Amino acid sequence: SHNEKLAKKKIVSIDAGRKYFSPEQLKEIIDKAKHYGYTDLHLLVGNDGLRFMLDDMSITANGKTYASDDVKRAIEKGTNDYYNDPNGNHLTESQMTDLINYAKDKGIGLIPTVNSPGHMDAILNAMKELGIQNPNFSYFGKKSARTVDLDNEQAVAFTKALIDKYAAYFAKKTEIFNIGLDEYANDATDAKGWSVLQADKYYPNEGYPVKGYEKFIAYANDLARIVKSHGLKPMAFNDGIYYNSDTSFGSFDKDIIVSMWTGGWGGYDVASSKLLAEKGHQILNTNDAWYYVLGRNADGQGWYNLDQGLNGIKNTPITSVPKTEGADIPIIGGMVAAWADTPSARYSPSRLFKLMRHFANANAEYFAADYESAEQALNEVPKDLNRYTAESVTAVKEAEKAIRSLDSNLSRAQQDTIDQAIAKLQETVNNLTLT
């Protein structure tokens, strides 16, 4: 099923929420993505930091409009409070439109993430700068820097309107919008946030958040509705979706594509990919086997170091989804992810490209071949062959025909077929003999 494999999405994810990436850096990543046979760039722009500003950032919520220039000041400041990156603060609308167009012309899509209700430090800060009160979730006196309180109607309304503003921009120029949903209050609860949101149902009268997880389902579904209204497919990370396999709080919108990144860990019991598929969700395999955190560049340098990610790529194929329960889990594609958890780390293009190249090579039948050198070779053939001998001319014409007769849907596994055809053309041109 070569055609089914090549039809899958192959995606590189870049955390440009925590850390600034310039348009030039992002274009270079797009170029490499295209070369290695990827289909999409997944660009987080809201992920702790918020690093994408529309021309009009005015937000209507809470019975008022927050002025564009105030929302911009609030977000720039709020992002800087998370991390004031010396390289830059945000991409502009003009830059994003140009980047999406640049990618489109190369056959690469762009999938944005603007994360909530977790990983939203900068939006929380921005809301406080606008004057919204107490937006942050707290757990027995420990305030999350990252997560909104779903009981705070003003904070929730603002956040939804902000997501809507971005989704309206991305409408018609993208296909999928990642609303995130990972790791609720991971700081304040020591990575127990879903358990906390579920706890009051089963452990009442203990001070746990009343209707916490029910409100989360409603929030996720309302963001899904917002995204869908703009003709975009919503996507979200898996960990909070039917956490603890618990279907008793409500149901998630089936139109949410699941980015399946984790199988969970000790005391963090996530729904299996089997359960999620059976509930009607499509799955993008985002296995954290393949993760790379910038600056963790070799064995021993911490979790998700480059050597660990390269090992994960070698040992966990694109078809291996987290927590399958032994079931056959279909996928829409696979996504290798680079993250900026320590955003002051130096971004190394060569290390990212090595990760990308290894993912492509390890799953070569899924990745598109590279035809650009073949097209260049054709452009370099002498146009007029009259002055050469008939025998030598025929050989060039046959070699050109052979290139133009290559299957246009070859995989990276078949690159040598293309490269051999290029070499043969070059040989025949070199052998052109003047009459």
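We number the residues from 1 along the sequence you see.
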(request) Mind pulling up the entry and telling me whether 390-398 or 42-50 has the higher mean Cα temperature factor? (result) 390-398
(message) So, looking at the entry's B-factor column for Cα atoms, which has the higher mean, 281-289 or 344-352?
(response) 344-352
(request) By the entry's C-alpha temperature factors, tell me which of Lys104, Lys72, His90, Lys233 sits highest. (result) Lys104
(message) Per the entry's Cα B factor values, which of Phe237, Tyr304, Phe140, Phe170 stands out as the maximum?
(response) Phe140
(request) Taking the chain's C-alpha temperature factors as the reference, tell me which third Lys228 falls into: lowest, middle or highest. (result) lowest
(message) Please place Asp31 in the lowest, middle or highest third of its chain according to the CA B-factor in the PDB entry.
(response) middle
(request) Would you check the entry's CA temperature factor for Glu183 and let me know if it's in the chain's lowest, middle or highest third? (result) middle
(request) Using the B-factor values recorded in the entry, state whether the Cα atom of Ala423 falls in the lowest, middle or highest third among the modelled residues of its chain. (result) highest
(request) Using the B-factors in the PDB entry, rank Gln25's C-alpha atom against the chain and give the third, lowest, middle or highest. (result) middle
